[PDB]
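**Q**
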Amino acid sequence: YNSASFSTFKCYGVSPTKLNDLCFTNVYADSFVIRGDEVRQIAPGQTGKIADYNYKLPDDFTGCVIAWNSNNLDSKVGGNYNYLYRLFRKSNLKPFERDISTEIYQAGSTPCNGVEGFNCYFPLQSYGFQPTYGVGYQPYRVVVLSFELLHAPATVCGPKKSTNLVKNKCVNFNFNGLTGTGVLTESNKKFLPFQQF
Amino acid sequence: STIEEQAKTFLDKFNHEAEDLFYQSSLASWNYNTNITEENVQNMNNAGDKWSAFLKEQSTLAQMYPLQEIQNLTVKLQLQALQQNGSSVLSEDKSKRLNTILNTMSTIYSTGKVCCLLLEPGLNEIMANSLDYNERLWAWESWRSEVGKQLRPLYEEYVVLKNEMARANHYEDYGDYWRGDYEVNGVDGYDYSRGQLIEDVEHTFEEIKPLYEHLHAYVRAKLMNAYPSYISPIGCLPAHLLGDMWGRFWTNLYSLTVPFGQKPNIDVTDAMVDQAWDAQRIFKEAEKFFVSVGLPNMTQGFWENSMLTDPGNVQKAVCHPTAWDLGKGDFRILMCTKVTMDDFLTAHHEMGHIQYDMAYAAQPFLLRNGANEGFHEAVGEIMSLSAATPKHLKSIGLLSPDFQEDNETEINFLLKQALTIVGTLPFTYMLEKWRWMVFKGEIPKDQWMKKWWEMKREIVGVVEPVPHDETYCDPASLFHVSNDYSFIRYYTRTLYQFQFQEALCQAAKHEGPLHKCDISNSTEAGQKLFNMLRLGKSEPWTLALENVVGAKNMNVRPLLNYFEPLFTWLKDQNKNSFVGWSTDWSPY
Ligand SMILES: *[C@@H]1O[C@H](CO)[C@@H](O)[C@H](O)[C@H]1NC(C)=O
Ligand SMILES: *[C@@H]1O[C@H](CO)[C@@H](O)[C@H](O)[C@H]1NC(C)=O
Ligand SMILES: *[C@@H]1O[C@H](CO)[C@@H](O)[C@H](O)[C@H]1NC(C)=O
Ligand SMILES: *[C@@H]1O[C@H](CO)[C@@H](O)[C@H](O)[C@H]1NC(C)=O
Ligand SMILES: *[C@@H]1O[C@H](CO)[C@@H](O)[C@H](O)[C@H]1NC(C)=O
Ligand SMILES: *[C@@H]1O[C@H](CO)[C@@H](O)[C@H](O)[C@H]1NC(C)=O
Ligand SMILES: [Zn+2]
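Chains as they are written, first to last, in PDB author numbering: chain B, 369 to 565; chain D, 19 to 133, 141 to 613.
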């Protein structure tokens, strides 16, 4: 969040400051490249070619979206055509659904036996990316993070800040969740190396 | 499914990869233009051939959908643009013959010698600076005899093949096909017809006739001082004495005819040189102007990708001023900028062109154009009209902070601008009317020259020095006629320009003469302009004209309002001299 090197960094339903120290069951990460114009399409409630046929976001999102320019990475002279995108699809996409179908999309009523032509189109299209392209036309690398929460024990948590240590002065304390007040000083008895309290 | 859904899917397919091939071809063309060499020509030709083949294949595929079923009025417009079968109806032999005729015309016009004394090398300078009657007459007659005499039968065959091809496309004539641009159908209360354009131009010319008559009388009166024994008080101006080979513009006549020659004109070239402008501060000032108007910034890649000065000795490049719309968010300007006022004004013009290009980028590929052929140059030009005012130059630090202007300078500037604005309209009208009648078939092939010179005498008031038989083809000498170019755009451009200028100036709450008006620091005028600019070709040009001026059709009253003090001064000056011309008088 403090890198400040990302064009877009939005958290949906969660505050970036408060989530910096929070416990979740699991976290999901996704990465893909879209055109800079298509950046706004990646949001709950949005609709677009990317939104409908390439990647769908559930409206009740419980994570964050990070976006930044990628022109210097995947935009070359002559066009970087190593990235595809679905322009034609029979229907929309369910949230978090991956489609890799390459069947020739049919527009009219007449079927085509896998041959391009009238009323028959290829569902996937290539992206052209050059350094001379427009700002919205430039390629962008976008990472979206989703947070999972179930009844299973949590595994991921924010970095707890550890304070200092003082002795011989009656002060409040909290060790690993054990709270209380008193005076801290050394002792002589030694625990076994698996016990606290 | 329904035809509409299939058409939508087909257009969605076409726009993608149409943008791609267009961008590839534009990049190849820019690479050739910015860096001329043998290798780049091959790439440019290959890209053009690929784009043309793709366009023909896509038109062939789009021929399948019937246009009646679509009821969207935007998919219908895109289909109407795409299903332009056009010249492919001609047979293969006929198409080959037509292409050969066009190529021969281009070649013969490009390389024409009257000797040695080519058209641009010599000839031009002789016709603009000889000041000698015999030399100008010799050059005019020699160019006519060398070019127009040889372009006669090629032009006749061109006419017959083009007329037959136009009739093959369910059009009456080729002139009707040209007039098809000014046609909008399917909208109630906004429709227009091709038969409406034959009128609505004669009306404006009849309106603007008295001003041209007064100007012609004044020019002839001031010109009879020179060439003492070759000009008559009542009669027409000899053809070769208009300061040009064809007399299209009267700019070269300014040096002979000045109302107040004592007062210098406004020129800030020395002011620019003193402050040492670096040929980029000019575009910086243009961007400042367009930002202060209310229009957005320039793209980041504009300043780095585009080249704005001569590359140097090692790298050669043609740098005629040009604004590039390569697509994919790419804008460029090709200019050899120097520290001159003319370069400043043309930089403003091209910057306005770029601003117009940025407006409709969100529209589909087929609708990324102006409303018609006249809506673009006028928008580019009104920027230069706004930037040429003394008030703007005084606002900038280049002009003197304490400048006092007299009405003598106002008259000088008004006449200088009029000699180019109102001096070319009758010529355009006469040339286009003659071409329309020739294509329509009203003028037989044996009466081309007689009717041409009769129109020249009657409408323009220009008489030929020496008679021409039917072997001569004078109109074919012009670049546009021989090279298949339309010409009514220059007639519509000035009317649209002055209407837009008046609308933007009244929106800016300006008081006084129209020629001292400026639209800088006016956000509401910029918003009103941007409302029309963002439309593109999606909506009929009548509604686009209404969105700024408020009138559906073009009106010429603002043009006369612009030139009103000049008209009054001419009426005062010409109260004694004769007004009008006599057709009977001839130089021979
Ligand atoms: C122009 O093209 C020539 C091709 O011979 C090339 O050597 C040169 O570098 C080019 N100039 C540029 C890219 O500025
Ligand atoms: C025409 O189709 C476009 C989408 O392709 C749609 O936005 C527009 O509303 C349609 N026109 C009408 C009149 O419904
Ligand atoms: C293109 O050619 C076909 C030939 O079948 C013709 O029917 C059609 O009208 C042409 N398109 C035009 C003239 O726009
Ligand atoms: C955008 O225009 C504003 C208006 O003055 C200017 O301050 C700003 O620097 C411009 N930004 C860019 C990137 O051109
Ligand atoms: C426009 O506003 C700028 C802002 O200071 C000012 O310098 C300039 O003189 C103004 N010009 C006009 C014509 O109002
Ligand atoms: C306009 O210029 C003429 C030039 O002789 C001068 O006599 C006159 O006073 C000026 N002003 C007006 C209002 O005519
Ligand atoms: Zn222009």
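Beta carbons: idealized from backbone N, C-alpha and C, even for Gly.
#1: For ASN322/D, is the beta carbon positioned less than 7 angstroms from some heavy atom of ligand 4?
#2: Skipping 5 residues on each side, what residues in its chain have a beta carbon closer than 7 angstroms to that of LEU518/B?
#3: Any residues whose CB sits closer than 7 angstroms to a heavy atom of ligand 2? List them in chain order?
#4: Distance, Cα to Cα, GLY502/B vs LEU176/D?
#5: Relative to the C-alpha of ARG466/B, which residue among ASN532/B, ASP420/B, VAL395/B is closest?
#6: Out of curiosity, what's the CA-to-CA distance linking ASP509/D and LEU120/D?
#7: What does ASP382/D touch in chain B if you count any residue whose Cβ is under 8 angstroms from its own?
#8: Determine contact between the stretch 434 to 451 of chain D and the stretch 581 to 595 of chain D, defined as no fewer than three beta-carbon pairs at a distance below 8 angstroms.
#9: What are the boundary residues of the beta strand (DSSP E) that includes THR347/D?
#10: Using a C-beta cutoff of 8 angstroms, does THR347/D count as contacting chain B?
#11: Closer than 5 angstroms is what we want: which residues have a beta carbon that near any heavy atom of ligand 5? List them in chain order.
#12: Confirm the yes/no value for this check: CB of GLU433/D, any heavy atom of ligand 6, distance under 7 angstroms.
#13: Under 7 angstroms between beta-carbons, which chain B residues line up against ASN330/D? List them in chain order, please.
#14: So that I know if they touch, is there some Cβ in chain B lying closer than 8 angstroms to that of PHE28/D?
#15: Taking the alpha helix (DSSP H) that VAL298/D falls in, what are its first and last residues?
#16: Between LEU455/B and chain D, is there a C-beta pair that is closer than 8 angstroms?
#17: For the stretch 301 to 373 of chain D, list the beta strand (DSSP E) runs that are entirely contained and at least 3 residues long, ordered along the chain.
#18: Counting only Cβ-Cβ distances shorter than 9 angstroms, please list the residues of the stretch 461 to 495 of chain B near chain D, keeping chain order.
#19: Using a Cβ cut-off of 7 angstroms, which residues of the stretch 499 to 533 of chain B contact any Cβ in chain D, in chain order?
#20: Our contact map puts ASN290/D next to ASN437/D with C-beta atoms below 8 angstroms; I'd like the distance itself, whole angstroms only.
#21: Name the DSSP beta bridge partners of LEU513/B, please?
#22: Would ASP38/D pass as an interface residue toward chain B - the criterion being a Cβ-Cβ separation below 8 angstroms?
#23: Quick one: what does DSSP say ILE407/D is sitting in, helix, strand or coil?
#24: Tell me the rounded alpha-carbon separation between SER155/D and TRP275/D.
#25: Between which residues of its own chain and residue 135/D is the CB-CB distance below 6 angstroms, once the five residues before and five after are set aside?
#26: Checking 8 angstroms against the spacing of the C-beta atoms, do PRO426/D and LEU456/D come in under that value?
#27: Since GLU37/D and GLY352/D should fall inside the 8 angstroms C-beta cutoff, what is the C-beta to C-beta distance between them, to a whole number of angstroms?
#28: Of all the CB atoms in chain B, is at least one closer than 8 angstroms to the CB of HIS378/D?
#29: Within a Cβ cutoff of 8 angstroms, which residues of the same chain sit near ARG454/B, ignoring the five residues on either side of it in sequence?
#30: If you draw a straight line from the C-alpha of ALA246/D to the C-alpha of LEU278/D, how long is it?
#31: List the residues of chain B whose Cβ lies closer than 8 angstroms to the Cβ of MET82/D, in chain order.
#32: I'd like the list of long-range same chain contacts for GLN552/D, defined as Cβ closer than 8 angstroms, with 5 residues on each side in sequence excluded.
#33: Does the distance from the CB of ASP206/D to the CB of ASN394/D come in under 8 angstroms?
#34: Report yes or no: is there a C-beta of chain B within less than 8 angstroms of the C-beta of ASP355/D?
#35: Output the residue ranges of the alpha helix (DSSP H) runs that lie fully inside the stretch 168 to 241 of chain D and measure 4 residues or longer, sorted by chain position.
#36: According to DSSP, is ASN540/B part of a helix, a strand, or is it coil?
**A** Put simply:
#1: Along the second sequence, one-based indexing puts residue 322/D at 297. It does: the Cβ of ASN322/D is within 7 angstroms (strictly closer) of some heavy atom of ligand 4.
#2: Along the first sequence, read from residue 1 onward, the residue named residue 518/B stands at position 150. Contacts found: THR393.
#3: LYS26/D, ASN90/D, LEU91/D, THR92/D, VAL93/D
#4: Taking the first sequence and counting its residues from 1, the one referred to as residue 502/B is at position 134. Taking the second sequence and counting its residues from 1, the one referred to as residue 176/D is at position 151. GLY502/B and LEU176/D: Cα-Cα distance of roughly 47 angstroms.
#5: The sequence position of residue 466/B within the first sequence is 98, counting from 1. Out of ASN532/B, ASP420/B, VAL395/B, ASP420/B has the C-alpha closest to the C-alpha of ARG466/B.
#6: For the purposes of this step, residue 509/D is identified with residue 484 of the second sequence, where counting begins at 1. For the purposes of this step, residue 120/D is identified with residue 102 of the second sequence, where counting begins at 1. If I take the Cα positions, the gap works out to 8 angstroms.
#7: For this step, residue 382/D is matched to residue 357 along the second sequence. The contacting residues do not exist; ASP382/D stays about 12 angstroms from chain B at best.
#8: yes
#9: Within the second sequence, numbered from 1, the residue matching residue 347/D stands at position 322. Taken as a continuous stretch (DSSP letters only), the beta strand (DSSP E) holding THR347/D covers 347 to 352.
#10: For the purposes of this step, residue 347/D is taken as residue 322 along the second sequence, with counting starting at 1. It does not; no Cβ of chain B falls within 8 angstroms.
#11: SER420/D, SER545/D, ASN546/D
#12: Locating residue 433/D in the second sequence gives position 408, counting from the first residue. At least one heavy atom of ligand 6 is nearer than 7 angstroms to the Cβ of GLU433/D, so yes.
#13: For the purposes of this step, residue 330/D is taken as residue 305 along the second sequence, with counting starting at 1. The answer, in chain order, is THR500.
#14: As a position in the second sequence, residue 28/D is number 10, starting the count at 1. Output row for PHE28/D: interface = yes.
#15: Counting from one through the second sequence, the residue named residue 298/D turns up at place 273. Here the alpha helix (DSSP H) through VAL298/D covers 294 to 300.
#16: Indexing the first sequence from 1 puts residue 455/B at position 87. At least one chain D Cβ lies under 8 angstroms of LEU455/B.
#17: Scanning the stretch 301 to 373 of chain D from its first residue to its last, the whole beta strand (DSSP E) runs of 3-plus residues come out as 347 to 352, 355 to 359.
#18: Taking 9 angstroms as the Cβ-Cβ cut-off against chain D, the residues of the stretch 461 to 495 of chain B that qualify are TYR473, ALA475, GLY476, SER477, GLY485, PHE486, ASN487, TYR489, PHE490, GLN493, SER494.
#19: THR500, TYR501, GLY502, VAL503, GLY504, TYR505
#20: Indexing the second sequence from 1 puts residue 290/D at position 265. Indexing the second sequence from 1 puts residue 437/D at position 412. Confirmed, Cβ separation roughly 6 angstroms.
#21: Numbered from 1 along the first sequence, position 145 holds the residue referred to as residue 513/B. Partner(s): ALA397/B, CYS432/B.
#22: Walking along the second sequence from the start, residue 38/D turns up at place 20. Chain B contact via Cβ: present.
#23: Mapped onto the second sequence, residue 407/D falls at position 382. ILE407/D: helix per DSSP, three-state reduction.
#24: By one-based count along the second sequence, residue 155/D stands at place 130. By one-based count along the second sequence, residue 275/D stands at place 250. In a straight line, the C-alpha of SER155/D is about 15 angstroms away from that of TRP275/D.
#25: Chain D lacks coordinates between 133 and 141, the interval that contains residue 135/D.
#26: The count along the second sequence starts at 1 and reaches residue 426/D at position 401. The count along the second sequence starts at 1 and reaches residue 456/D at position 431. Contact: no.
#27: Numbered from its first residue, the second sequence carries residue 37/D at position 19. Numbered from its first residue, the second sequence carries residue 352/D at position 327. The pair is a contact, with the Cβ atoms about 5 angstroms apart (cut-off 8 angstroms).
#28: Here residue 378/D corresponds to residue number 353 of the second sequence, with the count starting at 1. Chain B, which has no Cβ nearer than 8 angstroms to the Cβ of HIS378/D, makes this no.
#29: Sequence index remark: in the first sequence, residue 454/B carries index 86 (1-based). For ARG454/B, where only same-chain residues beyond five positions count, the Cβ hits under 8 angstroms are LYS417, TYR421, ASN422, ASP467, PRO491, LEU492, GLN493.
#30: Your numbering for residue 246/D matches position 221 in the second sequence. Your numbering for residue 278/D matches position 253 in the second sequence. Cα-Cα distance, rounded: 13 angstroms.
#31: Along the second sequence, read from residue 1 onward, the residue named residue 82/D stands at position 64. Within chain B, the C-beta atoms nearer than 8 angstroms to that of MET82/D come from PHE486, in chain order.
#32: For the purposes of this step, residue 552/D is taken as residue 527 along the second sequence, with counting starting at 1. Excluding sequence neighbours, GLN552/D sits near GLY319.
#33: Sequence index remark: in the second sequence, residue 206/D carries index 181 (1-based). Sequence index remark: in the second sequence, residue 394/D carries index 369 (1-based). Taking 8 angstroms as the Cβ cut-off, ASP206/D and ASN394/D do not qualify as a contacting pair.
#34: The residue labelled residue 355/D in the question sits at position 330 within the second sequence. Yes, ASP355/D lies at the interface with chain B (some Cβ there is under 8 angstroms from its Cβ).
#35: 177 to 193, 199 to 204, 219 to 222
#36: The residue given as residue 540/B occupies position 172 in the first sequence. In the structure shown, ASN540/B sits in a strand (DSSP, three-state: E or B).
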